[PDB]
**Student:** 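Dumping the structure here so I can ask a few things about it.
Order of the sequence lines sets the chain letters (A, B, ...), proteins ahead of strands, with each chain counted from 1. Computed over heavy atoms, backbone and side chain alike; hydrogens, waters and symmetry mates excluded.
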Amino acid sequence: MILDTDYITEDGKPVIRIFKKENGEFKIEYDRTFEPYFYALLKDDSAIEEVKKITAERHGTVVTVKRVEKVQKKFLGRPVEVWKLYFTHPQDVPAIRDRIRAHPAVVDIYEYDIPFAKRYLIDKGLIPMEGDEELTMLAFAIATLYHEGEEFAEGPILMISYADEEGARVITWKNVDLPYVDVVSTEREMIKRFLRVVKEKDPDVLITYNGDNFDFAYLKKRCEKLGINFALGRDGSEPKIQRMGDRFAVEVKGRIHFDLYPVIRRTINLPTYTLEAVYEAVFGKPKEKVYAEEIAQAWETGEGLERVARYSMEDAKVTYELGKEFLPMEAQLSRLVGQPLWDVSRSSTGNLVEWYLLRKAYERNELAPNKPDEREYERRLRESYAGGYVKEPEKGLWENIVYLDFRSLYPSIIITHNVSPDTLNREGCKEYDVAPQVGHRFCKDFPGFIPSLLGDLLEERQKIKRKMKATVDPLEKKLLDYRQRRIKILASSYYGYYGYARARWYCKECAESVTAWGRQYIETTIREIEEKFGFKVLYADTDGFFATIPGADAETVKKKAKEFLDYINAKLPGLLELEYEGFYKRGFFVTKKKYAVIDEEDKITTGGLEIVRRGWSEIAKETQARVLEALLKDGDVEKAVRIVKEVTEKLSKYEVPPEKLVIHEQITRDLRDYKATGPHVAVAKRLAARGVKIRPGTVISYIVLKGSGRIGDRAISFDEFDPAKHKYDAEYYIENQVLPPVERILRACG
DNA sequence: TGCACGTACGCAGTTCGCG
DNA sequence: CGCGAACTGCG
Ligand SMILES: Nc1ncnc2c1ncn2[C@@H]1OC[C@H](OP(=O)(O)OP(=O)(O)OP(=O)(O)O)[C@H]1O
Ligand SMILES: [Cl-]
Ligand SMILES: [Mg+2]
């Protein structure tokens, strides 16, 4: 099984290293035969003699073209002649590629920014995480104090906990009387003892929770401060903190640092992504949290450290347990894209698609299009196109509602109509499909590039859903639900990639064709079910709609909808198909993207309401839920009013826990780049001045204090909140949090 | 190491600025 | 003192 690749330099020449686990043994393979290269499109073949003359420099040594070879390839499925330009070292490519492109005889250059080690995985056709090998995993976490004004790594690590299949232990240099705590003398010994533990256990995988920016980065930053040779790599090297543009990431040669945090970010949508919140969401059990205030007190007083040692142990314990569940799903994703788990587990979804596209392109001798420069990137960001069809919903309460939904609409459209950049307005074909409204044409004589890849993803999603019905255990069902959602996000990201300004295979024409087809399919389907079947469509969005036969009983609507399904599915071509997605007794639709229905089991599912949205306090989420209960279940408009007025009286008497009072909101950019400053940004700008690092992705949890003026002026983070000292704004939570969400359900006056 | 900068659109709703 | 911009996050 391939674990990762990198390269080292030997006698000025690159040497690929292939880290593998084969038959339960770690191994490094060496390849000194791979030459860095990129392509050049020349106006005339005779110019190759001038192109060979172009030189450049890096750190004193001159960079030359080592060798050239004229190859025949395809660009968007059309034959093209280009020159393969070879070079001695990978670092030569960034130094000379610009000067090579600007030559007047060079039309363009291609595939000039592929990292050497990942270029190797594609060209030689290796797939990481392939094969039947069991990987050993070891989680760890550190406990570290931080005063107001302390810099990075200036504080000592108090505790280093770790966990695997054999249990969990804590290492510390203060005496704690616990059978899973090993008390050493100093911090250096504790760090050295941890180094010995990992070398002894020799895990293939090191699991952390946001260790890229905290635990692993701190531990290494401390090892440089005390002068500890933290030889963690299996090649005898130290963990290396890697600059990843805005963020940093920790790599350990020969192992795999699995940082669960970025994985969890793009799998589960949570209000906050603390280790405690993630554990409860995944395993359905709560996890107590010990805050830096109690760790500072227990460290200073010397009492209650057993409570802290327990917290530290559980950090590593739940990190192993979470890592145990999410590593195989990330491994399968690594197998598809054909890139190492270390990279795949930290990549954006757009990057995963492109790397897979790059591999597939090489497989078919297709020259890759280049990423856009700064100007073309700005142009694509400025252009857009029409999206999903949305219908203003029918107001009032409706009964016997059926929800009909298209199955993987956008991928189905891409496959069925062969929407791809190599098929768009392609001349010389005998059959075309014409995109409605926009009029783009797509060749159908051969499977298009992206359409030829989407089928397997859809089949992979249905197989997981098949297992979901055969799943008895509720935990395996939840994890399967995660997996099929990740595939659905990935498959639909192929459509979105077409509109991604940074995409190599950018295709605005493809993206607006998919939506146009999606609009025509859902709109004509609505017309058909209404005019031919007497249904009344209550609410419709991009690929699905709610409908009913007004006045007909539950069974009648239920069977006419099934009859309608067979009727249009025989009319729809290719992979397009409507699904019977669910039946609901009653329901109503407040506005676009906001609704709530109740099923035959009296379970109330909602869409787009404040119940699921981040930014609304829990007492606001709770009050809307109970009002929806009194409406959709009991049908008591007056009961919901009594719930609201009673909750508002709880707020005025300060009878509410400040826990139900927290507002969560995320930063989406650099704090210096915010034009306007909202409450979560005003708070975030404060913690930025207090030393707490805030970056795109940080979730602020604040409470609004009693005052008059801007909300951001009286906002305070939940950490520093003291219920005895601080008094929240009772009027704000009544009038701005609790009341508007329930008011907007104004079927009756209020 | 020299890659990543985070798949798309349509839209409800809040804070804030300022007239 | 109503509204437009800035912003977040839903489906
Ligand atoms: N994150 C997304 N990015 C781009 N397009 C998307 C996304 N989510 C949905 N779409 C597209 O928007 C329309 C449609 O929404 P469904 O949420 O219904 O996802 P399927 O339809 O794919 O699959 P199912 O019905 O669950 O089998 C989907 O094609
Ligand atoms: Cl060799
Ligand atoms: Mg669908």
Side-chain angles (χ1 to χ4, degrees), chain A residues 5-9 14 58 90-91 93-95 97 113-119 240 242-247 249 251 262 265-266 269 271 339 343 346-355 358 371 377 384-390 392 410 489-506 508 510-512 514-515 518-519 539 541-544 590-595 606-616 663-670 674-682 696-697 699-700 704 709-713 715 732 736-737 740-741 744:
Chain A
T5 55
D6 73 5
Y7 75 95
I8 63 161
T9 301
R58 50 168 192 85
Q91 261 146 39
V93 168
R97 56 179 179 212
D113 48 1
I114 317 294
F116 187 71
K118 298 163 144 266
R119 173 93 272 177
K240 174 97 148 296
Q242 301 305 23
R243 210 179 65 183
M244 195 144 312
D246 193 2
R247 202 69 276 201
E251 166 182 14
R265 276 307 280 253
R266 68 197 169 73
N269 190 47
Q339 285 311 316
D343 297 273
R346 297 165 174 80
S347 271
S348 69
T349 297
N351 192 244
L352 303 159
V353 174
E354 188 149 282
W355 274 109
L358 283 168
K371 305 176 140 293
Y377 163 80
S384 193
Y385 57 96
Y389 158 82
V390 188
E392 188 56 37
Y410 284 179
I489 284 160
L490 176 60
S492 43
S493 282
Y494 277 71
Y495 144 74
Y497 177 90
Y498 283 150
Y500 182 32
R502 318 217 74 251
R504 287 179 187 266
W505 281 274
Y506 179 84
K508 184 258 210 65
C510 304
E512 81 185 342
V514 173
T515 59
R519 288 194 305 279
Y539 175 54
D541 213 315
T542 307
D543 69 325
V590 187
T591 178
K592 288 181 182 178
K593 298 235 164 58
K594 287 182 86 162
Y595 67 90
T606 71
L609 297 184
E610 290 84 357
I611 282 163
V612 308
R613 292 201 42 119
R614 215 198 272 101
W616 291 92
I663 297 168
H664 305 301
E665 255 169 281
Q666 189 192 139
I667 293 103
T668 63
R669 55 196 82 175
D670 202 291
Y674 269 118
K675 305 199 161 175
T677 293
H680 73 124
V681 165
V699 166
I700 321 288
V704 164
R710 288 170 333 196
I711 302 311
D713 288 331
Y732 162 80
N736 307 48
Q737 280 288 302
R744 290 188 271 271

**Student:** What is the distance, rounded to the nearest whole Å, between atom OH of A:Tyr389 and atom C1' of B:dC11?
**Tutor:**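 A:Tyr389 atom OH is separated from B:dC11 atom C1' by 15 Å.
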
**Student:** In this structure, how many angstroms lie between the P atom of B:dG13 and the CG atom of A:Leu609, rounded?
**Tutor:**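 These atoms are roughly 9 Å apart.
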
**Student:** Rounded to whole angstrom units, what separation is found between the CZ atom of A:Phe116 and the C1' atom of B:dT1?
**Tutor:**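 Answer to the nearest Å: 12 Å.
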
**Student:** Under 4.0 angstrom, heavy atoms only, what part of the nucleic acid is A:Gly678 near: base, sugar-phosphate, or nothing?
**Tutor:**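 Counting heavy atoms under 4.0 Å across all strands, no contact is made by A:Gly678.
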
**Student:** Under 4.0 angstrom, heavy atoms only, what part of the nucleic acid is A:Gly608 near: base, sugar-phosphate, or nothing?
**Tutor:**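 If one applies the 4.0 Å heavy-atom cut-off, A:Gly608 turns out to touch the sugar-phosphate alone, with no base involved.
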
**Student:** Determine: side-chain N/O of A:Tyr539 to OP1/OP2 of C:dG11, distance under 4.0 Å, yes or no.
**Tutor:**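 No, no such contact exists.
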
**Student:** State, yes or no, whether a side-chain contact exists between A:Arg346 and A:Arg247 at a heavy-atom distance under 4.5 Å.
**Tutor:**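 No - every pair of side-chain heavy atoms lies 4.5 Å or more apart.
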
**Student:** Check whether any side-chain N or O of A:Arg613 sits under 4.0 Å from OP1 or OP2 of C:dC10, and answer yes or no.
**Tutor:**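 No, A:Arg613 has no side-chain N/O under 4.0 Å of OP1/OP2 on C:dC10.
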
**Student:** Given B:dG2, B:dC16, B:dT14, identify the nucleotide with an atom nearest to the side chain of A:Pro740.
**Tutor:**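 Shortest atom-to-atom distance from the side chain points to B:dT14.
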
**Student:** Look at all strands and tell whether A:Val612 reaches a base, only sugar-phosphate, or nothing, counting heavy atoms closer than 4.0 Å.
**Tutor:**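 Touches sugar-phosphate only.
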
**Student:** Do A:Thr591 and A:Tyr539 have side chains that approach each other closer than 4.5 Å (heavy atoms only, starting at C-beta)?
**Tutor:**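 Counting from C-beta outward, A:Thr591 and A:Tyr539 never come under 4.5 Å.
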
**Student:** So, does A:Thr5 use its side chain to make a donor-acceptor pair with the main chain of A:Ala117 at under 3.5 Å?
**Tutor:**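 Such a contact is found between A:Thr5 side chain and A:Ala117 backbone.
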
**Student:** Can you figure out if B:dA4 has a north or south sugar, judging by whether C1'-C2'-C3'-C4' is positive or negative?
**Tutor:**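 Since its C1'-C2'-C3'-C4' torsion is negative, the sugar of B:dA4 is on the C2'-endo, or south, side.
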
**Student:** A:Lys118 versus A:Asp343: any side-chain heavy-atom pair under 4.5 Å?
**Tutor:**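 Side-chain contact under 4.5 Å: yes.
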
**Student:** Looking only at side-chain N and O atoms, does A:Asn269 come under 4.0 Å of OP1 or OP2 in C:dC10?
**Tutor:**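 A:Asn269 to C:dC10 OP1/OP2: side-chain N or O found under 4.0 Å.
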
**Student:** Rounded to the nearest Å, what distance is computed from the CG atom of residue A:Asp713 to the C1' atom of nucleotide B:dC16?
**Tutor:**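 After rounding, the gap between these two atoms is 11 Å.
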
**Student:** Return yes if some donor-acceptor pair links the side-chain N/O of A:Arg519 with the main-chain N/O of A:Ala386 below 3.5 Å, else return no.
**Tutor:**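 Side chain of A:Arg519 to backbone of A:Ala386: a pair is present.
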
**Student:** When the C1'-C2'-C3'-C4' sign is the only test used, does the sugar of C:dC10 come out north or south?
**Tutor:**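 Positive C1'-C2'-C3'-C4' torsion, north pucker.
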
**Student:** With side chains defined as the heavy atoms from C-beta onward, is the minimum distance between A:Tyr410 and A:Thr542 less than 4.5 Å?
**Tutor:**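 Side-chain contact under 4.5 Å: yes.
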
**Student:** State whether A:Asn736 places a side-chain N or O below 4.0 Å from either non-bridging phosphate oxygen (OP1 or OP2) of B:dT15.
**Tutor:**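 Affirmative; the distance criterion is met.
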
**Student:** Which nucleotide sits closest to the side chain of A:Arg744: C:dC7, B:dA12, B:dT14?
**Tutor:**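 For the A:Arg744 side chain, the nearest candidate turns out to be B:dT14.
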
**Student:** Which letters describe nucleotides 3-10 of chain B, given B = protein heavy atom under 4.0 Å from base, S = only from sugar-phosphate, - = neither?
**Tutor:** BBBBBBSB

**Student:** Collect all protein-nucleotide pairs involving nucleotides 1-6 of chain C in which both atoms are nitrogen or oxygen and the distance is under 3.5 Å.
**Tutor:**
unit_1, atom_1, unit_2, atom_2, d
C:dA6, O3', A:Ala676, N, 3.3

**Student:** Any donor and acceptor pair, going by atom type alone, linking the side chain of A:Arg614 with main-chain N or O of A:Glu665 inside 3.5 Å?
**Tutor:**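 A pair under 3.5 Å: no.
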
**Student:** Name the nucleic acid region contacted by A:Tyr732, choosing base, sugar-phosphate or nothing; use a 4.0 angstrom heavy-atom cut-off, strictly under.
**Tutor:**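 Sugar-phosphate contact only.
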
**Student:** Between C:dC10 and B:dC5, how far apart are the two P atoms, rounded to whole Å?
**Tutor:**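 One P to the other, the span is 22 Å.
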
**Student:** Which whole-number value in Å describes the distance from A:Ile711 CD1 to B:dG17 P?
**Tutor:**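 Those two atoms, CD1 and P, are 11 Å apart.
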
**Student:** For the side chain of A:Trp616, counting heavy atoms from C-beta on, which of C:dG11, B:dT14, C:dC7 is nearest?
**Tutor:**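 So the side chain of A:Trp616 is nearest to B:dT14.
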
**Student:** Measuring from A:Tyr377:OH to A:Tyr506:OH, what's the distance to the nearest 0.5 Å?
**Tutor:**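 A:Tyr377 OH to A:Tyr506 OH: 11.0 Å, rounded to 0.5 Å.
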
**Student:** Just the rounded figure in Å: distance from P of B:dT1 to CD of A:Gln339.
**Tutor:**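 Nearest whole value for this atom pair: 18 Å.
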
**Student:** Just to be sure I understand the rule, does A:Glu251 reach a base, reach only the sugar-phosphate, or reach nothing, if contact means heavy atoms closer than 4.0 Å?
**Tutor:**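 If one applies the 4.0 Å heavy-atom cut-off, A:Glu251 turns out to touch nothing in the nucleic acid.
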
**Student:** With a cut-off of less than 4.0 Å, is there a side-chain N or O of A:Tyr7 near OP1 or OP2 of B:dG2?
**Tutor:**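 True: A:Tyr7 side-chain N/O within range (under 4.0 Å) of B:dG2 OP1/OP2.
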
**Student:** Whole angstrom is fine here: how far is it from CZ in A:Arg58 over to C1' in B:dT1?
**Tutor:**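 Checked: the CZ to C1' distance equals 13 Å.
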
**Student:** Give a yes or no answer on whether the side chain of A:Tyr674 reaches the backbone of A:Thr668 with a donor-acceptor pair at less than 3.5 Å.
**Tutor:**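 Looks like yes, one N/O pair under 3.5 Å.
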
**Student:** Supply the atom-to-atom distance A:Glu354 CD to A:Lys371 NZ, rounded to the nearest 0.5 angstrom.
**Tutor:**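 The distance works out to 4.5 Å.
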
**Student:** Between B:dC11 and B:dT7, how many Å separate the two P atoms, rounded to a whole number?
**Tutor:**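 Comparing P positions in B:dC11 and B:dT7 gives a spacing of 23 Å.
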
**Student:** Considering only atom P, compute the distance from B:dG6 to C:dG11 and round it to an integer number of Å.
**Tutor:**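 Nearest-Å result for B:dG6 against C:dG11 at atom P: 23 Å.
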
**Student:** Using only side-chain N and O atoms of A:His680, determine if any of them is under 4.0 Å from OP1 or OP2 of C:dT8.
**Tutor:**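 For A:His680, the contact criterion (side-chain N or O under 4.0 Å from OP1 or OP2 of C:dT8) is met.
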
**Student:** Just to verify, what does A:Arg669 make a salt bridge (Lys or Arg N to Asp or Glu O under 4.0 Å) with, not counting sequence neighbours?
**Tutor:**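 Listed in chain order: nothing, the list is empty.
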
